[PDB]
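Participant: Please find one structure pasted underneath; my questions will follow.
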Amino acid sequence: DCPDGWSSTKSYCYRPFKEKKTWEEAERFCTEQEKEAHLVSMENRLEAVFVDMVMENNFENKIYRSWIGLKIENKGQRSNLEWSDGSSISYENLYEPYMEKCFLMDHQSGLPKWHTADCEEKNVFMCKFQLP
Amino acid sequence: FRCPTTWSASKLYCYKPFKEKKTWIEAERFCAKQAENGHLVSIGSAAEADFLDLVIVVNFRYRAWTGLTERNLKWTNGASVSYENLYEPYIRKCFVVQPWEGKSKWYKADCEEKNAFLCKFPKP
């Protein structure tokens, strides 16, 4: 069974949070739940629709901007970069500047598209985890 | 341990630029045919970057594929991003090296663009 305060489907538990955080704070907060969780992910359209309906049911059917569990950055060994020979990213000399982009869903009207944003924005978010 | 003729040897690796223009994947596949553990070049330090720049100057304005590419998106829970509702498409790019003020810099490029390329393989 999902804990109190979480919405359940067959296999997953979801929970919206109103306390605004940075993307890293939000993800960290999710991972620290009594059952380790993550920022919401969506693996098909119906799940995206469900997640949006849960958010709306919690935010008075209003517009919102919620972190989701994607981030890309181009610096260091957790970057979205890789060498074809499998060596680590230990040195970089990119023309482009070091940057990070965190993803969110922005509900304006209808199912939110997923936009990139400054990771230090303070947004609402949702946690998800899988039942055993 | 002698690097094959036309390849340039560092302590641990053999390097060679090739002028014939290829997509990123067919360059990578060409490098892997050249030798055990052959790949497009990886650059692991400033000293290797400088050495590679010499390799290029000995051989050749250049634009050449490296082994650096972007990864697929992956959810923080470890799942692959299969389904998306992205506002704008995420399209994995690959990186070429080009001269920038006497050293070189790494630039994003379309993976299907044909470029010269740089191969590396470990000695032994």
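Residue 1 is the first one shown; counting continues down the chain.
Technique stated in the header: X-ray crystallography, 1.9 Å.
Cβ coordinates come from backbone N, Cα and C, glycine included.
Pasting the relevant annotations from Swiss-Prot:
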DISULFID  B:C3-B:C14  disulfide bond
DISULFID  B:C31-B:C119  disulfide bond
DISULFID  B:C94-B:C111  disulfide bond
Participant: What is the total of other Cβ atoms whose distance to the Cβ of B:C31 (disulfide bond) is within 10 Å?
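Facilitator: B:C31 (disulfide bond): 26 neighbouring Cβ atoms within 10 Å.
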Participant: I need the nearest neighbour of B:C3 (disulfide bond) among the disulfide-bonded residues B:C31, B:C94, B:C111, B:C119, using C-alpha distances.
Facilitator: B:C119
Participant: How big is the Cα-to-Cα gap, in Å, between B:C14 (disulfide bond) and B:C94 (disulfide bond)?
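Facilitator: Per the Cα atoms, B:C14 (disulfide bond) and B:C94 (disulfide bond) stand 22 Å apart.
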Participant: Which state, by DSSP, holds B:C31 (disulfide bond): helix, strand or coil?
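Facilitator: Going by the DSSP assignment, B:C31 (disulfide bond) falls within a helical segment, counted as helix.
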Participant: How far is it from B:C94 (disulfide bond) to B:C119 (disulfide bond), counting Cα to Cα, in Å?
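Facilitator: So the alpha carbons of B:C94 (disulfide bond) and B:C119 (disulfide bond) sit roughly 15 Å from each other.
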Participant: Between B:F60 and B:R61 there are 3 residues with no coordinates. Please give the Cα separation in whole Å.
Facilitator: 8
Participant: Work out how many Å separate B:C111 (disulfide bond) and B:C119 (disulfide bond) at their Cα atoms, rounded off.
Facilitator: 16
Participant: Name the secondary structure element type, per DSSP in three states, that contains B:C14 (disulfide bond).
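Facilitator: In three-state terms, B:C14 (disulfide bond) counts as strand.
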